[PDB]
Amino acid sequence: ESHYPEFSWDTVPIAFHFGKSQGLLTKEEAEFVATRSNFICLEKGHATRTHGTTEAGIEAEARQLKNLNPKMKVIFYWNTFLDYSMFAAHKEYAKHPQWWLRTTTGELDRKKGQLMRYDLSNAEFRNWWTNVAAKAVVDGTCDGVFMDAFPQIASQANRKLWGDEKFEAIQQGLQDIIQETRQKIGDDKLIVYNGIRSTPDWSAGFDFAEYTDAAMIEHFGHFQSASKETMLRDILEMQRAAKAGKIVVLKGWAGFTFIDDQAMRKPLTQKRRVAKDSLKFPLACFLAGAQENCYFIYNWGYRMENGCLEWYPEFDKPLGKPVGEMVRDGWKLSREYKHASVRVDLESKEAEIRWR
């Protein structure tokens, strides 16, 4: 309720989720964001070139954003599973090898990229990890924490690495760490997590709801989630979690992603042309199922450069309150709004938005 970002239907409701490594947002970049949204998650790395660590950069950025828009919610990025290097906390985690997660062989468990993975079943480490978040949102200027990598924690493949007994213990430690996070930051702070995920072999809806406020749909219509079946499950889950009072952030991808090597080599006018042309479909999906407190992100990546500050006329048009619930006829969906009509076929991938 009252710790939620201020939500409106006047236009399409937009959130941001990116980092600018080389520095803080310029005044003009911050004004762009602070004017167009009340909801931003700042990524790992933000301003590390000028401010050394992520905590210092995000703290500084939270301050400049909130000076521009006082209702702004600024979310501190803090990975639940992975020991990223670009935080001050990393040099604290380096000194606690008694916590480090190992496989059944004794080898240290690291992900590609030399990233140690956390032993969430370890109570000291859980205490330490939640204190990092509390330093940033309670003692700092942030309004919440973004808890990433839950599907990675839950992946069954971890059973081969840890064993059944440890695998369940880490699953329980994920439940515990969410509870301890809420205890450490308090009730008036946002807990955003990643997330809702629908794939042919493994899916997740909104969970942990006694404690979490917001879930991100990170891979809508892409990666292992591009099928009509997975896009419907995600749209329905947005509809259901939001109707139940949660915040849902749907990440739309602008016709490609930062992981596609060939797409990222295209000239920027091509990237933008694709982004303009790729917007109607995922926007119509969002607007099909969108309820209150639902947010849309549209770009091709999590770095600023990746289209995060591109804007589109669809984001300025009158939208207005829904005037009826979503309608489903097979893979076809429709939604009426006070100033717009939406139709989308998940099977054929067509979409219409009549503004009026």
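We number the residues from 1 along the sequence you see.
The stretch with the higher mean CA B factor, choosing between 327-335 and 61-69, is 327-335. Stretches 37-45 and 315-323 differ in mean C-alpha B factor, with the higher average recorded for 315-323.
When the modelled residues of the chain are ordered by C-alpha B-factor, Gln270 sits in the middle third. In the PDB entry, a CA B factor belonging to the highest third of its chain's modelled residues is recorded for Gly106. For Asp201, the recorded CA temperature factor ranks within the highest third of the chain's modelled residues.
Remark: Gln262 belongs to the highest third of its chain, ranked by C-alpha B-factor as recorded. In the deposited entry, the Cα temperature factor of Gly113 places it in the highest third of its chain's modelled residues.
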